[PDB]
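Start at 1 and go down the list; that is how both ligands and their atoms are numbered. We use all heavy atoms of the structure for the numbers below, so side chains are in, but hydrogens, waters and symmetry mates are not. Heads up: numbering here begins at 1 and tracks the sequence.
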Amino acid sequence: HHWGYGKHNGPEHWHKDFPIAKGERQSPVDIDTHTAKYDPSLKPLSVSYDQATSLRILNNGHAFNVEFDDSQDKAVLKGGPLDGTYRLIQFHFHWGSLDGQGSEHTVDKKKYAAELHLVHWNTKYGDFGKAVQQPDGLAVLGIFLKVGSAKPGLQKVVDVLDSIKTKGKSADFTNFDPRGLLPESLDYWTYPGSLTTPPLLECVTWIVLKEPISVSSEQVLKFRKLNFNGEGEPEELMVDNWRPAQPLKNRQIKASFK
Ligand SMILES: CC(=O)/C(=C/c1ccccc1)C(=O)Nc1ccc(S(N)(=O)=O)cc1
Ligand SMILES: [Cl-]
Ligand SMILES: [Zn+2]
């Protein structure tokens with residue numbers, strides 16, 4: 001497959017190789033704050049990242065992934081809408097060419113400069129590859145980024161990007177604490193959806209935090225110096241690696257907060 005975010009291979013083309021692109025529970029979606037309903041049935045969200053073991057950072061030609069050791073319950077997401085235990089495997093971002101676009105989810109049609117995805121898999125399915133074949137296999141924690149003051153906890157990520165400029169490059173990325181990327185509040189919206197890239201599998205419980213984190217213009221400018229292309233190839237800046245909002249269809253977005 002040769003999918004990407006250009007005119008010629010971008011989200012409007014994905015359905016030809018990945019027909020689920022036009023499915024009943026695609027992501028992202030616009031979060032209409034006036035139709036999402038507070039759900040008193042939601043349990044408190046539990047983000048347990050104290051024992052998180054980061055390993056590596058990889059430019060995959062679509063975004064960059066910070067990968068974790070998920071061979072045991074070291075960094076887990078529980079509670080909120082989730083049944084059981086979901087293990088952190090990686091995080092990555094989606095971002096724009098300019099500060100007015102870049103997020104995948106929108107909030108009353110507002111686009112943020114970027115969106116962080118912390119990807120977790122349901123440990124009752126034993127491995128990530130099995131989990132993505134299940135409707136409750138993954139929980140992705142989505143966090144909006146706006147441009148304002150620097151996020152200190154992001155700087156170690158920003159500073160290694162020079163070493164993974166092009167597709168296929170990786171770097172050692174140990175001892176990175178993903179707690180440094182969370183906002184103060186864990187208030188969230190939740191809905192059933194999909195991976196937002198091919199293969200667009202409908203296996204995700206989305207948990208999207210209401211409170212954005214602030215990052216500096218300098219921090220997001222360094223995201224925009226990455227390349228989609230491999231070393232030696234014509235430079236295509238890694239920008240606008242976001243899928244637009246997809247039809248909500250027969251889904252309800254629930255709020256954790258009044
Ligand atoms: C190795 C790798 O990158 C992956 C492989 C994979 C995933 C599923 C099936 C086969 C391979 C993967 O995890 N894909 C992915 C993760 C989160 C999101 S998203 N934007 O919905 O959070 C989008 C894409
Ligand atoms: Cl805001
Ligand atoms: Zn993502």
### Query
At a 4.0 Å threshold, what atoms of ligand 1 neighbour a non-hydrogen atom of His94?
20 (N)
### Task
Report yes if the distance between the aromatic ring centroids of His117 and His94 is under 6.0 Å, otherwise no.
yes
### Message
In this structure, is the centre-to-centre distance between the rings of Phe93 and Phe223 below 6.0 Å?
### Response
yes
### Message
I'd like to check atom 1 (C) of ligand 1 in this structure: does the protein have a heavy atom lying under 4.0 Å from it?
### Response
no
### Query
So which heavy atom in the protein is nearest atom 22 (O) of ligand 1, and how far is it from that ligand atom?
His92 CE1, 3.3 Å
### Message
Show me the pairs that pass ring-ring contact (aromatic ring centres under 6.0 Å, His included) and involve residues 140-171, at least two apart or across chains.
### Response
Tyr112-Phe144
### Task
Measure centre to centre between the rings of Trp206 and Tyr188, then say whether the value is under 6.0 Å.
no
### Message
Starting from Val76, can I reach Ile207 by hopping between I/L/V/M/F/W/Y residues whose side chains sit under 4.5 Å apart?
### Response
no
### Message
Among all the protein's non-hydrogen atoms, which is closest to atom 6 (C) of ligand 1, and how far away is it?
### Response
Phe128 CE2, 4.1 Å
#### Entry: Closer than 4.0 Å: a protein non-hydrogen atom to atom 24 (C) of ligand 1
yes
### For ligand 1, the portion of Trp206 having any non-hydrogen atom under 4.0 Å away
side chain
### Query
Hey, is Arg87 close enough to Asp73 for a salt bridge, meaning N to O under 4.0 Å?
yes
## Note on the structure
Total protein N/O/S atoms sitting under 2.8 Å from the Zn ion (ligand 3), waters ignored, is 3
### Message
Please tell me if atom 4 (C) of ligand 1 is touched by the protein, where touching means a protein heavy-atom distance below 4.0 Å.
### Response
no
### Message
Does the residue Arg243 have a heavy-atom contact with ligand 1, meaning some pair of atoms that are separated by less than 4.0 Å?
### Response
no
### Query
Looking only at protein heavy atoms, which one is nearest to atom 21 (O) of ligand 1, and how far off is it?
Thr196 N, 2.9 Å
### Query
Protein heavy atom under 4.0 angstrom of atom 14 (N) of ligand 1, is there one?
no
### Query
With the 4.5 Å side-chain cut-off for hydrophobic clustering, are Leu195 and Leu141 part of the same group?
no
### Query
By number and element, which atoms of ligand 1 are closer than 4.0 Å to a non-hydrogen atom of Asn65?
3 (O)
### Query
So, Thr166 and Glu231: side-chain donor and acceptor under 3.5 Å apart, yes or no?
no
### Query
Counting only heavy atoms, which portion of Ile89 has something under 4.0 Å from ligand 1: side chain, backbone, both, or neither?
neither
### Message
Tell me whether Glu24 is salt-bridged to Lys249, with the criterion being a basic N under 4.0 Å from an acidic carboxylate O.
### Response
yes
### Message
When you group the ILVMFWY residues by side-chain heavy-atom contacts below 4.5 Å and let the links chain together, are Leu226 and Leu58 in the same group?
### Response
no
### Task
May I ask you to check whether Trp189 and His105 place their ring centres under 6.0 Å from each other?
no
### Query
Does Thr197 reach ligand 1 with a nitrogen or oxygen that is under 3.5 Å from one of the ligand's nitrogen or oxygen atoms?
no
### Task
Show which atoms of ligand 1 fall inside a sub-4.0 Å distance from at least one heavy-atom site of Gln90.
13 (O), 16 (C)
### Task
Please work out which of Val140, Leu116, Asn60, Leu195 has its closest non-hydrogen atom nearest to atom 8 (C) of ligand 1.
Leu195
### Modelled atom types, side-chain donor and acceptor of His1 and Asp17, under 3.5 Å
yes
### Task
For this output row, return yes or no: ring centroids of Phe173 and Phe68 closer than 6.0 angstrom.
no
### Query
With a 3.5 Å cut-off and no angle check, do the side chains of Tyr86 and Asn122 form a donor-acceptor pair?
yes
### Task
Please work out whether any backbone atom (N, CA, C, O) or any side-chain heavy atom from C-beta onward of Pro199 is under 4.0 Å from ligand 1, and answer side chain, backbone, both or neither.
side chain
